[PDB]
Amino acid sequence: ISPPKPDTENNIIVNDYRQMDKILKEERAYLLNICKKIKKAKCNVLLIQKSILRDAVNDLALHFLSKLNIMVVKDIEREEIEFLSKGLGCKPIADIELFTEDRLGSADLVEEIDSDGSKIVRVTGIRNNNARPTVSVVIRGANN
Amino acid sequence: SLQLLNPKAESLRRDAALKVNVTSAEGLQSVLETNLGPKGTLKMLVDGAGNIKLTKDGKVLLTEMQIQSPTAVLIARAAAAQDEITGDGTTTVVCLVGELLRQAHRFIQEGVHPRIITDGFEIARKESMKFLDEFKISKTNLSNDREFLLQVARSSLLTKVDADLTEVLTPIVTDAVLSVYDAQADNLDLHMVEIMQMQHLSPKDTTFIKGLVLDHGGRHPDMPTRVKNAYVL
Amino acid sequence: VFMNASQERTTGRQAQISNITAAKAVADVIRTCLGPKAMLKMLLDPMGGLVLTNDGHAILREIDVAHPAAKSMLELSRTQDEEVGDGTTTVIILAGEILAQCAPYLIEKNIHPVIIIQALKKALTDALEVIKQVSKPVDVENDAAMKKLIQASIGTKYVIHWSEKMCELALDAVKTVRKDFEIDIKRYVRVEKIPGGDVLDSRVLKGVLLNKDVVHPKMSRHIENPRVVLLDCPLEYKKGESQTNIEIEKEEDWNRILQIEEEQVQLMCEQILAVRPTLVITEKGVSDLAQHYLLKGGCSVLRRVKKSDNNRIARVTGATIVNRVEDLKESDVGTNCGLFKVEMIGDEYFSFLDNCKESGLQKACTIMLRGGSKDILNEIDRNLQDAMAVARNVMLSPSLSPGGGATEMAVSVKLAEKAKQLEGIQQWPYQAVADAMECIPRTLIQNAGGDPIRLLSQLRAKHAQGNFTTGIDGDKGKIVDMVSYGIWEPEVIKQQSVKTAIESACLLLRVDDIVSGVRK
Amino acid sequence: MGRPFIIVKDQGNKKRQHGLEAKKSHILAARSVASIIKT
Amino acid sequence: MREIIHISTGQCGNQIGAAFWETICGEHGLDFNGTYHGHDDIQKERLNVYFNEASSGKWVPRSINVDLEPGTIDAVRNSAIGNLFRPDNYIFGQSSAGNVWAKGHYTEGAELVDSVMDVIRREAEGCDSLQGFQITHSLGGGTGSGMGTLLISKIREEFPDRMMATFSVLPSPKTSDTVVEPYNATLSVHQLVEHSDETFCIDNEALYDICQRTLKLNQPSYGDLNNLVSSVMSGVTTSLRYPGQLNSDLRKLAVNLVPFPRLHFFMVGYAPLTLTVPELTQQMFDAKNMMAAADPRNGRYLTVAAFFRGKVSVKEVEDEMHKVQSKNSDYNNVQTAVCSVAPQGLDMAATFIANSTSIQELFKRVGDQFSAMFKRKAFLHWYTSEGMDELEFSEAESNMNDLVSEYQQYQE
Amino acid sequence: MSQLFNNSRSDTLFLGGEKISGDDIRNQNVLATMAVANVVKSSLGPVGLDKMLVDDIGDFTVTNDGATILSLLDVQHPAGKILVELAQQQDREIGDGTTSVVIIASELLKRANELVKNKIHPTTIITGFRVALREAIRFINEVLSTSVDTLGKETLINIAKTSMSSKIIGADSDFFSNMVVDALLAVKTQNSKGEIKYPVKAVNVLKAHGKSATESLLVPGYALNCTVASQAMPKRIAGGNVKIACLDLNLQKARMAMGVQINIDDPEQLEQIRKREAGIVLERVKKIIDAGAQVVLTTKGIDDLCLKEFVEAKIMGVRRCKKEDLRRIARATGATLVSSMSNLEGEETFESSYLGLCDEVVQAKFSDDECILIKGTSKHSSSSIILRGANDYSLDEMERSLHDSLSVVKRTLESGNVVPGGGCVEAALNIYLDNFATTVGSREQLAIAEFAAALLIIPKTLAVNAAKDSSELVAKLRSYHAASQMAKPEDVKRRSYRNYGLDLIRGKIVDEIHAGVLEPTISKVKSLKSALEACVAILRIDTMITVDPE
Amino acid sequence: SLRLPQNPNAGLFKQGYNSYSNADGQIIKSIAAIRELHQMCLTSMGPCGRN
Ligand SMILES: Nc1nc2c(ncn2[C@@H]2O[C@H](COP(=O)(O)OP(=O)(O)OP(=O)(O)O)[C@@H](O)[C@H]2O)c(=O)[nH]1
Ligand SMILES: Nc1ncnc2c1ncn2[C@@H]1O[C@H](COP(=O)(O)OP(=O)(O)O)[C@@H](O)[C@H]1O
Ligand SMILES: Nc1ncnc2c1ncn2[C@@H]1O[C@H](COP(=O)(O)OP(=O)(O)O)[C@@H](O)[C@H]1O
Ligand SMILES: [Mg+2]
Ligand SMILES: [Mg+2]
Ligand SMILES: [Mg+2]
């Protein structure tokens, strides 16, 4: 989720002044309407992978996601995407055109719990059509 | 007290600090003792390559020769600061501090305190300020005496240069200063009077120009060299 | 081998012995720098300058000691200077003695370093009580007593001979900065220096003093009623923030691009002339063209003025810090300016701004110093900070404690009398507090050349019977009461001296071992 | 305790051995001497 | 335009300038006496950028070397390269800045700057095409930093448009023993950014690494460092003194390498530090060849510009760029400038100058020293005494918050 | 103790350092433990004294905490790094007993190495400690005491004195114990569905050397260390209901986004673009000025272009600051931290609900420093701590000392159960475990007996730091405790003994309830477990292998 | 203000000679320094003394 900047080089040209004003407005809308469509599917938690060539979630986008009560977590490794989809039963979403309710998972209490300086986001309860469930076990101790 | 604190240091106290300030004062006094007066000796300064610069001014001697002593750098700032605003009295400050320390040091050896000695200099200084009012003489500027300005100009010029340079350079200053006095009576030295370097026939050929001289001219050949009535822009 | 340590671990009793000897060594450097007959100190910094002074704080700034216990003693002068501004040498010389007197016991009678701390807080609690009782109040509006109060600290400096002028100089400056509780601050006190001249003609003048002249020659050098307007912005066309790149297709565009550069500076100058100011002070630089039409209205242009010198101008002239020029009005324009004049001095030009003198914001001022040389200016400037620091305490606290060691000697007598009735294990460190408080008059007698044996014996005999204001005359070296002597100091300096000295001992006494060379 | 720790002179050249591995080198050192004269 | 003046200030400034002229004079050909023994038009037809043809062809460089320590100027002068510079150009006045921005700067700007404005005026009046000024200062010292700041300002006033290029040498944290180095380097940038138009960052600490790693000199001497600085300078100036159109002339350099105004700082990159264009490609962009302490890989390049020399075609370089862009994409940016002449000594080099967010590391560092190691108001009385107040320091730290922010804002 | 270094072996060729085995490793590991245990042994308890460590640049650090003194001691040995990281784990979790857990682990490795020389396996030794510790935690549950019949906040006051001791400010514990307890009750928040967790880093610390530690002023509200933007702004805002606006926005002159390259053919558009740039910034401010924000808070800085309207409208500006302090200001004043101002609709706006509320705000001068003191918050209360001392090194000591004191009272309120202090826990666990395993018999009686003796090192360490007769106190401690454990349930006096023990000031046996010595039960829980795992990690090592660096 | 004048009685007695007079602080230097060896004989005093 970031300002538009596609694969081919994109040189933006501003010819008149109304246009400076507009470019800003249009963006505060390219993030808003995409976040507005997340409310239509009532998806409550988002998990973004490690973003390359640009920031994963823009700071301007966090204001829209934080006011609508959506947890945001970024910088997830790429190989773990197979783990989360297999465990939670949630198919990944690469485009908003394919973003639907049927592809999302479910959970009773997605919670970050903190233990004396260790932040943990543990999901309680999984229910899905999956013949290959997952398991996770943390380790605690004195030193690494 | 300082050696156990600092592993390396130098400390002088209660006899060497007094001898240093007097010995450095007598040493720096002997340098500028011979320059004071009209028949004093000249002094050149050739630093690195051999740049040569000749003058009798104590400020040029102090602000060109690097000095390591802690006493003389205060005499350098004192001799420089007095001359930088007044323009005269450089070596006089060095001779007073050069002489007043040694003249008081004999009584410090006798056992008189430094505090009450300097208390005598301050109350004696106030007597000299009261004496300046009675010692000075009033002079009215409305007379516009050119002979009085000529004699003042020869006081400083005879000290630096000989009589051959003083006689030809004295009226150069008097003609420049004669135009300073006006109805407003506001003095202006830096903007009005200037100095410019020019390698030419000899020092004796210094002449006075009533207008502003410039160090540049016409680049093109066809442009006019001499102009009778030129209205500037 | 093992970790970066264990070179030579100074452990046990010898570690504390070096700290008491190191803490005593700091006070011995400036032992002679106390009292009215105090000697000066010239320290040589490695950069190339020189510091000529007798203040213990300014001496200990330049010194460098490679020992960790002595550095904690070094930082106590910053506690005193950045709290009041007077009595820094008093703080360093008292603590040395407190650590020294407590030492006998630590070394021999084996009292553990915590029992001494408990004894000192009760001594600290009793010290504030007797210092509160010995001090007498004084009227703040009495200018006759205020001049004698300000010159108490000046008497221990070089400018006691000019004390008649310095008290008038400091009193006028403090009342200018004083805001109608009664909070003042020295950041607006301008410390601008002028080498040369006589101290008698040196005087404070209401307003500011710049180091620069006007730009154009036709500017008016003498204005009756200046109207100052502060500007932050460049008055010249500037490149601008985004990637710009104008692409020119027609021949009539480049001359248009250079023509709008002339019209934009006309537009910002013409709106400045809506109020018609006489003096325009810009923070950043100025262009040769905008200045030209600032001239076509009657303004005066100056060079770039740093921010600091504009915040003082804002309080003097009453103007506000203005950057956007389009929002310039008539209300925010400075007014009630006394006089404008430029003097000729060979160092640099100097523009004077005088005030009409006739609640609101606190007014600033600049104090003129006309010394003998550069070091004399820095010497006199620190005297004003030490003299003006005294004027703040009487306004914040109307109490006034006696000077000449009478306050600390009063602490010595009451702690000595009460030590007998304090029977127990705390009696030995509690009685040793009086042994150090009677040293700060002992240092005055040593500098005066008298015998402190019979003087202190005569002092304690007359202190209980005669009065609580008895003290030693530093000049003559005889017992003279402070009431007839007519010299008094604030009580706030006595509090910081007793608090900082005792609190420093509580930190250093807990030191067990010293291990050097661990890591960065 | 200080950084120097000396009991006997020339500790750098003197080096001890102990345990089962120390005895292992002794018998294997005899094999090198025995194997030379074995032929 | 045709000409550019070259001011050199400070002990570091004078040393680097002497090395730079030693390189330049031999490059396009002049014995230290000024006579031209070179072959031929190529080396002579742009000699007017930095030399004044006098009658009799005693070319003399247009340089103003200044210092408050007579000694450095003197040494350079009594040495070789002492006939070229006109005797009147040197402006040198006692005592010593004393390694203090505040003191040295104010006190001698009060005097040396007046004399310098005087020399910068008439000698230059002598040309018909001022283009800008090149200053070599040391960011961390006394005279150089203070005076540089003053002069930059003074000149900019007397020459509005004229571009302004600098080659300040940033301080070395480890090898700069003096403790008050950061506290000066901070006050210098405060004013370098508001005025300058393009500046190049050279760090002595970085110079040591390259001296000991590639050259392998056991102990770097200021001389070695100076020679390397000289080589990059020579490449950037050839970008200028050889007839060419790729970045032809200073102003162009600036336009090409400065995206937005408040970003002047460049990271030089030069190789073949002791050949085929493909071989030099890796050397330019190696993280170890940067003369800046900060790592550029962790950062982000904004506008790259590579200046090759010696025998190289259009396509050798273009193909190389096409190959390189393909692999370091995460780090379309490119700007090539082939030259025809070759390095004195070596056949072909390639200087590298790219704007990079990574400079913000070299400023977060300096700000950390400035603030943290002077929250305790250490060594400040030296500066308050000269006359300048502490509000100015608060303004100085504030403006670095700003610089850092900018680089962070252009999303590193 | 190891001499005559191991010989370089020709039969076993490994790259890097030489291999060494046998009992010399566990001797070297214990010798490495004594190198760090003797450092922290002297600074234990009220009578304990600490040391100084220079940073090789003139700076130094006088440290009482075990985590701080070991953090600066970068231990090159591998076995010492376990205890160094344990103290960094200890102080972050619990914030108490950092010196004791290292001293317990050192005494365990001492006697564990002696037991290995007595020819019992370490696996049996570890099994003896685990069964002993499982009974120890069961015994800790027996000796709990619920706070009851206590007048006011006395239980929170006297328990803070135990943590406040062993510092420079232990003499002033009578003054600091009140404000420390009052500070944590001011930041009470309910989080995570009903969990009242008091927090810290919520209370602040400002280094203002000055008057004294006795006159430390408790400002009932939030404090922030920041300099004023413009000096012409007013330093005191009068009138109640002062609205606070927390932002993260940048008010510096706007620049359009990177991928934008302006290209225009008309020259006259330059006026307008420039204007729009400044204008976006001004609009952004024009809406919040009309909202009546008397004091605006922001993280990114403000340039002089926008400071004019704040000076004209009498609004206080704020420069750069940390990101975390503004979150708690919004929670206390009731504001909401806005990363980027916007609205769900298609137009930008600024609502009044984002503003905070407080009674008074003023910039107080702490003798050289500008600090904005906020007091009288409406939504949630807050607190700040004004530390004062003789010099900056003492203020740094006051920082970590209060951080330990705040942490102890924090965990005290999480669990009402408490346990006495002063070696009574270690003295009772010694005699309790000596009686245990008498029925077991054969092998584990010797391992658990030495384990019981390992806990006695704490009352021995406190005694020698006082420079008094140590065995006279150890004779009173253990004997009294034993006479209590053996006793009939029905014996009031004897049972009481179970409650008291060593005193370090007067040197006699007195009651801890009247003296006020008390600790939390959580401080001992998971402290022996960390020391147990610390002992297991080194005790199981037989041989040491070192690879030289490339 | 870098190098001192080096105490111009240096023409008198050689560098190996060190003077530690009073007023400078000789008594304070001595009575103290000897406290180390005073504790040596103090600890070795009495029937329970340490050899
Ligand atoms: N890169 C580089 N830096 C140098 C060289 N010589 C000196 N420096 C730098 O010069 C700095 C100090 O010198 P300056 O500040 O120029 O000295 P200065 O203030 O001009 O000397 P004074 O005016 O006499 O005080 C140090 O930070 C050095 O890094 C050199 O050859 N190369
Ligand atoms: N004229 C005097 N006679 C005797 N004692 C004085 C006199 N003036 C000052 N003192 C003593 O000297 C101490 C320090 O005063 P002062 O020199 O003003 O401060 P500082 O030590 O900071 O220079 C005071 O405690 C006071 O008792
Ligand atoms: N006033 C006191 N009376 C008796 N024992 C105390 C007192 N203060 C502290 N102690 C004991 O000292 C031990 C260590 O305390 P402290 O140094 O504050 O913790 P840490 O070990 O984390 O540094 C505690 O176990 C406690 O029982
Ligand atoms: Mg004369
Ligand atoms: Mg005083
Ligand atoms: Mg503790």
# chains A, B, ... in the order shown; residues from 1 in each chain; ligands from 1

$ residues_around --residues "residue 76 of chain B" --least-positions-apart "5" --cutoff "9 Å" --atoms "only C-alpha atoms" --output "VMD selection string"
chain B and resid 58 to 59 62 to 63 71 81 94

$ write_last_selection --atoms "N, CA, C and O atoms" --output "mmCIF file, in the first residue's frame"
data_model
loop_
_atom_site.group_PDB
_atom_site.id
_atom_site.type_symbol
_atom_site.label_atom_id
_atom_site.label_comp_id
_atom_site.auth_asym_id
_atom_site.auth_seq_id
_atom_site.Cartn_x
_atom_site.Cartn_y
_atom_site.Cartn_z
ATOM 1 N N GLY B 58 55.233 49.115 16.755
ATOM 2 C CA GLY B 58 55.250 47.967 17.644
ATOM 3 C C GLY B 58 54.149 46.964 17.372
ATOM 4 O O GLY B 58 54.317 45.780 17.682
ATOM 5 N N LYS B 59 53.026 47.411 16.805
ATOM 6 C CA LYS B 59 51.937 46.492 16.491
ATOM 7 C C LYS B 59 52.344 45.515 15.396
ATOM 8 O O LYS B 59 52.014 44.327 15.464
ATOM 9 N N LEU B 62 54.624 42.938 16.892
ATOM 10 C CA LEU B 62 53.952 42.003 17.787
ATOM 11 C C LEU B 62 53.000 41.079 17.035
ATOM 12 O O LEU B 62 52.938 39.883 17.340
ATOM 13 N N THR B 63 52.265 41.606 16.053
ATOM 14 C CA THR B 63 51.271 40.838 15.309
ATOM 15 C C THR B 63 51.849 40.167 14.061
ATOM 16 O O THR B 63 51.095 39.855 13.134
ATOM 17 N N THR B 71 52.718 36.050 29.294
ATOM 18 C CA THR B 71 52.622 37.458 29.665
ATOM 19 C C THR B 71 52.594 38.347 28.429
ATOM 20 O O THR B 71 51.777 39.272 28.333
ATOM 21 N N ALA B 81 45.281 46.549 20.826
ATOM 22 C CA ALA B 81 43.947 47.103 21.028
ATOM 23 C C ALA B 81 43.968 48.612 21.233
ATOM 24 O O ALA B 81 43.046 49.305 20.789
ATOM 25 N N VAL B 94 53.704 49.476 26.044
ATOM 26 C CA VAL B 94 54.650 48.413 26.374
ATOM 27 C C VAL B 94 55.703 48.920 27.354
ATOM 28 O O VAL B 94 56.153 48.182 28.238
#

$ residues_near_ligand --ligand "ligand 5" --cutoff "7 Å" --atoms "only C-alpha atoms and all ligand atoms" --output "list in words"
residues 86, 87, 153, 156 and 386 of chain C

$ interface_residues --of "chain B" --to "chain E" --cutoff "10 Å" --atoms "only C-alpha atoms" --output "PyMOL selection string"
chain B and resi 47-51+60+62-67+215-216+219

$ residues_near_ligand --ligand "ligand 4" --cutoff "7 Å" --atoms "only C-alpha atoms and all ligand atoms" --output "PyMOL selection string"
chain B and resi 88-89+156+159

$ residues_around --residues "residue 447 of chain F" --least-positions-apart "2" --cutoff "8 Å" --atoms "only C-alpha atoms" --output "NGL selection string"
:F and (115 or 125 or 128-129 or 443-445 or 449-451)

$ select_by_dssp --residues "segment 95-219 of chain F" --states "strand (DSSP E or B)" --output "list in words"
residues 145, 146, 190, 191, 195, 196, 205, 206, 207, 218 and 219 of chain F
